[PDB]
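Asker: One structure, as structure tokens, below. Some questions next.
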Amino acid sequence: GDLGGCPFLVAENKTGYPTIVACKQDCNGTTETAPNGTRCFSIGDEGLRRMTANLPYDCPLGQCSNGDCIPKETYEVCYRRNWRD
């Protein structure tokens, strides 16, 4: 063991409910894949990082299938919430 461990970056709704922004990631060469059917936003780690903190964005909803966030063509307001910045 020693493989993986990296947690998934999350967007949140106004009150703090988290949703992942990617359905897979690479952790030091180990791929980690979210369970099929998991709710996600199809914006990616990059997308979350580009969001201005504490501002509302219309985030595209999806559902994980084999490591990919498959968009539902629906949207929900989501936020990037830093500890500090």
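We label chains A, B, ... in the order they appear in the structure tokens, count residues from 1 in each chain, and number ligands from 1 in the order shown.
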Skip residue A:44 itself and residues of its chain fewer than 6 positions away, then list as an MDAnalysis selection string all residues within 9 Å of it, counting only C-alpha atoms.
Answerer: chainID A and resid 9 20:23 69
Asker: May I have the selected residues written with N, CA and C atoms, as a CSV table (one decimal), in the first residue's frame?
Answerer:
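What landed in result-v2.csv:
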```csv
chain,number,residue,atom,x,y,z
A,9,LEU,N,-11.5,17.5,-5.0
A,9,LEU,CA,-11.9,18.9,-4.8
A,9,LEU,C,-13.4,19.1,-4.9
A,20,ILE,N,-18.5,17.0,-6.0
A,20,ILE,CA,-17.2,16.9,-6.7
A,20,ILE,C,-17.2,17.5,-8.1
A,21,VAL,N,-16.1,18.0,-8.5
A,21,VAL,CA,-16.0,18.7,-9.8
A,21,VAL,C,-15.3,17.8,-10.9
A,22,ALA,N,-14.9,16.6,-10.5
A,22,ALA,CA,-14.3,15.6,-11.4
A,22,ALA,C,-14.6,14.2,-10.9
A,23,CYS,N,-14.6,13.3,-11.9
A,23,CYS,CA,-15.0,11.9,-11.5
A,23,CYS,C,-13.8,11.0,-11.4
A,69,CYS,N,-17.5,12.9,-15.8
A,69,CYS,CA,-18.7,13.5,-15.4
A,69,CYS,C,-19.6,13.8,-16.6
```
Asker: Write out as a list in words the residues lying within 9 Å of residue A:37, counting only C-alpha atoms and excluding same-chain residues fewer than 2 positions away.
Answerer: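 With the cut-off at 9 Å, the set is residues 34, 35, 39, 40, 63, 64 and 65 of chain A.
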Asker: How would the residues just chosen look if you wrote them out with N, CA, C and O atoms as a PDB file, in the first residue's frame?
Answerer:
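Contents of part-v7.pdb, freshly written:
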```pdb
ATOM      1  N   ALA A  34     -14.371   7.950  -9.042  1.00  0.00           N
ATOM      2  CA  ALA A  34     -15.554   8.018  -8.243  1.00  0.00           C
ATOM      3  C   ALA A  34     -16.539   6.938  -8.689  1.00  0.00           C
ATOM      4  O   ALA A  34     -16.529   6.525  -9.845  1.00  0.00           O
ATOM      5  N   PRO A  35     -17.394   6.478  -7.773  1.00  0.00           N
ATOM      6  CA  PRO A  35     -18.406   5.484  -8.112  1.00  0.00           C
ATOM      7  C   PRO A  35     -19.339   5.954  -9.201  1.00  0.00           C
ATOM      8  O   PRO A  35     -19.727   7.133  -9.228  1.00  0.00           O
ATOM      9  N   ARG A  39     -23.131  12.126  -8.113  1.00  0.00           N
ATOM     10  CA  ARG A  39     -23.407  13.464  -8.581  1.00  0.00           C
ATOM     11  C   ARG A  39     -22.106  14.235  -8.755  1.00  0.00           C
ATOM     12  O   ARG A  39     -21.202  14.154  -7.914  1.00  0.00           O
ATOM     13  N   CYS A  40     -22.005  15.007  -9.830  1.00  0.00           N
ATOM     14  CA  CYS A  40     -20.815  15.855 -10.022  1.00  0.00           C
ATOM     15  C   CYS A  40     -21.180  17.148 -10.732  1.00  0.00           C
ATOM     16  O   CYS A  40     -22.288  17.251 -11.273  1.00  0.00           O
ATOM     17  N   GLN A  63     -23.304  13.295 -13.864  1.00  0.00           N
ATOM     18  CA  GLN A  63     -23.255  12.075 -13.087  1.00  0.00           C
ATOM     19  C   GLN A  63     -22.068  11.250 -13.569  1.00  0.00           C
ATOM     20  O   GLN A  63     -21.793  11.199 -14.763  1.00  0.00           O
ATOM     21  N   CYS A  64     -21.321  10.667 -12.642  1.00  0.00           N
ATOM     22  CA  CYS A  64     -20.117   9.948 -12.992  1.00  0.00           C
ATOM     23  C   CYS A  64     -20.447   8.644 -13.710  1.00  0.00           C
ATOM     24  O   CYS A  64     -21.354   7.919 -13.316  1.00  0.00           O
ATOM     25  N   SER A  65     -19.702   8.387 -14.784  1.00  0.00           N
ATOM     26  CA  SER A  65     -19.763   7.103 -15.487  1.00  0.00           C
ATOM     27  C   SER A  65     -18.353   6.820 -15.966  1.00  0.00           C
ATOM     28  O   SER A  65     -17.800   7.572 -16.787  1.00  0.00           O
TER      29      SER A  65
END
```
Asker: Quick one: residues within 8 Å of residue A:33, only C-alpha atoms counted, chain neighbours fewer than 2 positions away excluded, as a PyMOL selection string?
Answerer: chain A and resi 23-25+31+35+66-67
Asker: Using only C-alpha atoms, please write the residues we just selected to a file, as a PDB file, in the first residue's frame.
Answerer:
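The result, stored in out19.pdb:
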```
ATOM      1  CA  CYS A  23     -14.985  11.914 -11.484  1.00  0.00           C
ATOM      2  CA  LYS A  24     -11.353  10.853 -11.578  1.00  0.00           C
ATOM      3  CA  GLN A  25      -7.966  12.203 -10.676  1.00  0.00           C
ATOM      4  CA  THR A  31      -5.848   6.838 -10.728  1.00  0.00           C
ATOM      5  CA  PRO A  35     -18.406   5.484  -8.112  1.00  0.00           C
ATOM      6  CA  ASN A  66     -16.397   5.343 -15.776  1.00  0.00           C
ATOM      7  CA  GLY A  67     -14.424   8.315 -14.432  1.00  0.00           C
TER       8      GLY A  67
END
```
Asker: Please provide the set of residues having any atom within 12 Å of residue A:15, restricted to only C-alpha atoms, with same-chain residues fewer than 6 positions apart removed, written as a list in words.
Answerer: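 The filter keeps residues 54, 56, 77, 78, 79, 80 and 81 of chain A.
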Asker: Assign secondary structure with DSSP using the backbone only, and return the residues of chain A in strand (DSSP E) as a PyMOL selection string.
Answerer: chain A and resi 10-12+18-20+24-27+30-33+39-41+57-65+68-78
Asker: Enumerate the residues of chain A with a DSSP assignment of alpha helix (DSSP H), computed from the backbone, and present them as a VMD selection string.
Answerer: chain A and resid 44 to 50
Asker: For those residues, write N, CA and C atoms to a file as a PDB file, in the first residue's frame.
Answerer:
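Final output, result.pdb:
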```pdb
ATOM      1  N   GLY A  44     -14.490  20.479 -13.637  1.00  0.00           N
ATOM      2  CA  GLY A  44     -13.090  20.113 -13.449  1.00  0.00           C
ATOM      3  C   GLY A  44     -12.388  20.915 -12.377  1.00  0.00           C
ATOM      4  N   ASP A  45     -11.235  20.410 -11.942  1.00  0.00           N
ATOM      5  CA  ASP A  45     -10.451  21.102 -10.947  1.00  0.00           C
ATOM      6  C   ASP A  45     -10.127  22.511 -11.439  1.00  0.00           C
ATOM      7  N   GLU A  46      -9.777  22.604 -12.728  1.00  0.00           N
ATOM      8  CA  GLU A  46      -9.443  23.865 -13.389  1.00  0.00           C
ATOM      9  C   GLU A  46     -10.586  24.852 -13.277  1.00  0.00           C
ATOM     10  N   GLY A  47     -11.801  24.380 -13.571  1.00  0.00           N
ATOM     11  CA  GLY A  47     -13.009  25.189 -13.521  1.00  0.00           C
ATOM     12  C   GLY A  47     -13.274  25.776 -12.151  1.00  0.00           C
ATOM     13  N   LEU A  48     -13.124  24.957 -11.114  1.00  0.00           N
ATOM     14  CA  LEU A  48     -13.311  25.435  -9.745  1.00  0.00           C
ATOM     15  C   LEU A  48     -12.292  26.536  -9.405  1.00  0.00           C
ATOM     16  N   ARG A  49     -11.043  26.308  -9.785  1.00  0.00           N
ATOM     17  CA  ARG A  49      -9.962  27.253  -9.478  1.00  0.00           C
ATOM     18  C   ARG A  49     -10.130  28.622 -10.149  1.00  0.00           C
ATOM     19  N   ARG A  50     -10.786  28.630 -11.298  1.00  0.00           N
ATOM     20  CA  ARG A  50     -11.093  29.855 -12.023  1.00  0.00           C
ATOM     21  C   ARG A  50     -12.251  30.643 -11.439  1.00  0.00           C
TER      22      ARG A  50
END
```
Asker: What is the atom CA of residue A:28-atom CA of residue A:16 distance in Å, reported with one decimal?
Answerer: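 Separation of atom CA of residue A:28 and atom CA of residue A:16: 28.8 Å.
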Asker: Measuring atom to atom with only C-alpha atoms, identify which of A:30, A:82, A:38, A:74 is nearest to residue A:4.
Answerer: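 When distances to residue A:4 are compared using only C-alpha atoms, the smallest one comes from A:30.
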Asker: What does the distance between atom CA of residue A:26 and atom CA of residue A:14 come to in Å, to one decimal place?
Answerer: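 These two atoms are separated by 28.5 Å.
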